[PDB]
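Written out below as structure tokens is the structure these notes cover.
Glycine also receives a Cβ, built like all others from the backbone with ideal geometry; neighbour counts cover every protein chain displayed. The numbers here are math on the coordinates, done by the rules we state, and not lab data.
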Amino acid sequence: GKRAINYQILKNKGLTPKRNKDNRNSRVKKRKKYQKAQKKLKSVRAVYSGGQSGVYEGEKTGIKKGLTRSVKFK
Amino acid sequence: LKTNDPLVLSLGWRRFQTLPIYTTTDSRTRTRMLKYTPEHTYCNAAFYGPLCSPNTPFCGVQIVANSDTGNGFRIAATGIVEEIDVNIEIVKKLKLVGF
Amino acid sequence: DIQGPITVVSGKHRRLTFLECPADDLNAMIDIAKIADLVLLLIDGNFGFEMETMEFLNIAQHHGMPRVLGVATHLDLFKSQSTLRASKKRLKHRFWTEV
Amino acid sequence: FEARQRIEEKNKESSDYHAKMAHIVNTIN
Amino acid sequence: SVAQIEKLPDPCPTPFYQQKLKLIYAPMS
Amino acid sequence: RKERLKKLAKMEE
Amino acid sequence: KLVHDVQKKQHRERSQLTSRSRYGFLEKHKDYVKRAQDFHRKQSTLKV
Amino acid sequence: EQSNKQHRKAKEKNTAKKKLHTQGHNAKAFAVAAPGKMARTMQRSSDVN
Amino acid sequence: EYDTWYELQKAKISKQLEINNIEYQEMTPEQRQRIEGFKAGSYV
Amino acid sequence: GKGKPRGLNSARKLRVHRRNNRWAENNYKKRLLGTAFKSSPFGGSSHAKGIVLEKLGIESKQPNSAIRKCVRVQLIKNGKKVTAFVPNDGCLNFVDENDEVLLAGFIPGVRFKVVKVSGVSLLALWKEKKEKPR
RNA sequence: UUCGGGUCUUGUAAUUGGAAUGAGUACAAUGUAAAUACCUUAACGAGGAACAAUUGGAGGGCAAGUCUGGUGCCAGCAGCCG
Ligand SMILES: [Mg+2]
Ligand SMILES: [Mg+2]
Ligand SMILES: [Mg+2]
Ligand SMILES: [Mg+2]
Ligand SMILES: [Mg+2]
């Protein structure tokens, strides 16, 4: 018998852009941002990852011959 | 709302049902018939009924009987009377197809 | 018993006409909105906003807003004082959106 | 014939619109 | 169209008007 | 490369 | 940026008529542009 | 092709201090004590107006 | 001389309404209803 | 000697000289005389009420053109007619003739934008969070 | 800036488990002049955990769609309208 207002009328959010869930909790958003940053840092430069685990199986990604990452004194 | 869809208006002191036609200006080049009202913006609507002075606001309702009230909002359309004329020249795109 | 308009003296040089709009007719809502100098908008505090309350406000806003006063009733049905205050706060702010 | 007339009508409408636009921009500044 | 129209004495005069010259007037009810 | 070039076209312009 | 999300809704492609299905896929403006440049490339290499 | 150097004229325009008295009265005398409260209170009043 | 342009418009309206009152106060009652009609507040 | 007194008992001459020279600043003069507001577009107000006179760009063909977003508004305070933006053509539908608008600082020569219409924010209406009361 | 270059557990628009808790509801008690609330606490209270975080800024892309100009297929404006 009674006609109650639905969700749209009560909150009156209107038209808003879609927003990803991470904004709801800043801590979670920064958590994902940081762990994403760590992955990129590996690409920029190598980063120590605990050292050797198991028998030495060689360099997985290959050795480059004519390439030097050496910072020379001028 | 849909074109040629009955809609009870409230103009001035008078309430009545008409068959409006929703149109667009098409970059101010013609009065082209639309099939439905825009989802979240205004559109030009032409309907037959008692004339009123411009700046006369009005509201629309599709259902007034309690038997069909349901639970949804019954206010359908809101707008402003913009002109009063004895003529209109709505046109529709009729595209011919060949092979 | 009250039926139809009732005119009563309210002051030395002021008079008021009370009119109980039929709650179940949307037509009666429309015409009252076009002549009502004041609206005593009745709201059930326990239940909250209802369609007829929200519908009428939209009619009033489009036909020329008259003075509106919200009246909250059935507040005694609340059993906790804390929940009563929260409901009053929520209702008031939502009412502050329309008015 | 209607091809000739329509070009004449369209030419008249385009010139009038541009003239109206020149007036509007002149007035605003 | 109004066939006829006439003015009548006020059936619910306000006190200021009355003394210059009952508080409720509900004929429908 | 194609996307990056179109972006620099905005930077240059 | 006063555009709504509805302002930027995607407009979907239509396809060939079922009756015309034997004639092949219904090309569009993007499809036409590929074959047009390739056609131009041949004649430029043909005219030289 | 000879261009002599400009003679920078002596100022005939009113000097800044003179400009204060170029009206019917002495502009320096009709001032306020708290120019800080002068600006703040007016700005509120203007929007209230 | 009114301070704001708004006051000027209100002054013009108020002056005009004031003029309307004087003519009607001059006017005879039976004539007045013939010209102005039944004013608001009349029980009719 | 730098052209100023330096004696240990020359305080008076320095003070009186400073007060006389302090009036040279335009900033000082405007602050004390209360004339810092003449240059303000609204004459000291942060906003400006007005009357919507005409929507000039309504006849434009190009949608969301710079012409389309302009409206001539008559400032109520002094009656001077001026021109203002609307945020977009979509909001232009809300604005109508003879309806109040609140203007704020922002095609050259146009220096104002509409922020409220009929006592309701345009952005509020544009987001469908409100209805314009008439 | 083209030329290209450097690096390695990365991605999923995929499924799935039982543990935790207060916003709120509320026996009671504490609190208070009497109350509300806080701190406590029986019993309820989580998977879209819809128990539905907001305010601004930057940039795309799409149509048998619309408008404007022209050394053809292009370009500009733009596109809630096919
Ligand atoms: Mg609490
Ligand atoms: Mg608020
Ligand atoms: Mg002081
Ligand atoms: Mg020396
Ligand atoms: Mg708690």
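Using a Gaussian network model of chain B in which every pair of alpha carbons under 10 angstrom is joined by a spring, one finds that among B:75, B:88, B:21 the greatest mean-square fluctuation is at B:88. Amide H contacts for residue J:100 (H built 1.01 Å from N in the peptide plane; partners 5 or more residues away or on another chain; cut-off under 5 Å): J:118.
Using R0 = 35 Å, the C-beta based FRET efficiency linking residue B:89 and residue D:24 works out to 0.90. So what is the 222 nm mean residue ellipticity for chain C from helices alone, if each DSSP H run of at least 4 adds -39500 (n - 2.57) and you divide by all residues, rounding to the nearest 500 deg cm²/dmol? Taken over chain C, the calculation gives -12000 deg cm²/dmol. Each residue in H:15, J:35, C:7, G:18 was given a count of other beta-carbon atoms within 10 angstrom of its own, and listing them fewest first yields G:18, H:15, J:35, C:7.
Separation of the stretch B:1-42 from the stretch H:4-49 is 60 Å, based on Cα centroids. Measuring nothing but how far apart in sequence close Cα pairs (under 8 Å, 6+ apart) lie, relative to its length, chain C scores a relative contact order of 23 percent. Couplings for the stretch J:88-100, taken from phi via the Karplus curve 6.51 cos²θ - 1.76 cosθ + 1.60 with θ = phi - 60°, read 7, 4, x, 5, 4, 5, 4, 6, 9, 5, 6, 10, 5 Hz in order; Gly and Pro are left as x.
Inter-label distance, residue C:67 to residue J:8: 7.8 nm, where each label sits 7 Å from its Cα along the C-beta direction.
Under the combined filter of DSSP loop state and at most 14 neighbouring Cβ atoms within 10 Å, the stretch A:32-74 retains these chymotrypsin sites (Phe, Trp or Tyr not before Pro): A:48, A:56, A:73. Neighbour counting of Cβ atoms within 10 Å sorts the residues H:38, I:27, fewest neighbours leading, into I:27, H:38. Rounded to the nearest 500, the 222 nm mean residue ellipticity of chain A from helices alone is -10000 deg cm²/dmol, with -39,500 (n - 2.57) taken per DSSP H run of at least 4 residues. Quick check: from the Cα gyration tensor, does the protein assembly as shown come out rounded (a/c under 1.5), prolate or oblate? Note, shape of the protein assembly as shown comes out oblate. In sequence order, the stretch J:38-51 has phi-based couplings of 4, 6, 5, x, 9, x, x, 7, 7, 9, 8, 7, x, 10 Hz under the Karplus curve 6.51 cos²θ - 1.76 cosθ + 1.60, θ = phi - 60°, and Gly or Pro positions carry x. Taking the helices alone, chain J has a mean residue ellipticity at 222 nm of -5500 deg cm²/dmol, built from -39,500 (n - 2.57) per DSSP H run of at least 4 residues and averaged over all its residues.
Beta-bridge orientation, chain C: approximately 40 percent antiparallel, per DSSP, counting only bridges with both partners inside.
From the alpha carbon centroid of the stretch J:24-63 to that of the stretch J:90-105 is 17 Å.
For chain J, the share of DSSP beta bridges that are antiparallel, to the nearest 5, is 90%. Could you tell me how many degrees, from 0 to 90 and to the nearest 10, lie between the Cα long axis of helix A:26-44 and the main elongation axis, the longest principal axis, of the Cα atoms of chain A? Helix A:26-44 and the main axis of chain A meet at about 20 degrees.
The modelled label-to-label distance between residue D:10 and residue H:39, using points 7 Å beyond Cα along the C-beta direction, is 6.1 nm. For residue J:73, nonlocal amide neighbours, meaning residues 5 or more places apart or on other chains whose placed amide H falls under 5 Å from its own, are J:53, J:82, J:83, J:84.
Relative to the longest principal axis of the Cα atoms of chain I, helix I:5-26 runs at roughly 20 degrees.
Among C:31, C:76, C:44, the residue with the largest mean-square fluctuation in a Gaussian network model of chain C, with springs joining Cα atoms closer than 10 Å, is C:76.
What FRET efficiency would be calculated for the residue pair residue B:43, residue H:31, taking the C-beta separation as r and a Förster radius of 60 Å, to the nearest 0.05? Computed FRET efficiency for residue B:43 and residue H:31 comes out at 0.50. Annotation: peptides C:33-41, D:18-26, A:61-69, G:23-31, ranked by per-residue average of other Cβ atoms within 10 Å with the highest first, follow the order C:33-41, D:18-26, G:23-31, A:61-69. If only the Cβ of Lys and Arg carry +1 and only the Cβ of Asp and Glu carry -1, the dipole of chain J around its Cα centre is close to 1680 debye.
Could you identify which residue out of A:33, A:13, A:21 has the top mean-square fluctuation in a GNM of chain A using Cα springs shorter than 10 Å? In the Gaussian network model the winner is A:13. Less than 5 angstrom separates the built amide H of residue B:77 from those of B:60, B:61, all sequence-distant by 5 or more or on a different chain. Taking 25 Å as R0, compute the FRET efficiency from the Cβ-Cβ separation of residue G:41 and residue F:2 and round it to 0.05. The pair residue G:41/residue F:2 has a calculated efficiency of 0.85.
Would you mind checking the tilt of helix H:35-48 against the longest principal axis of the Cα atoms of chain H, expressed as 0 to 90 degrees and rounded to 10? Helix H:35-48 and the main axis of chain H meet at about 70 degrees. With Cα atoms defining each centre, chain D and the stretch A:36-74 are spaced 70 Å apart in the structure.
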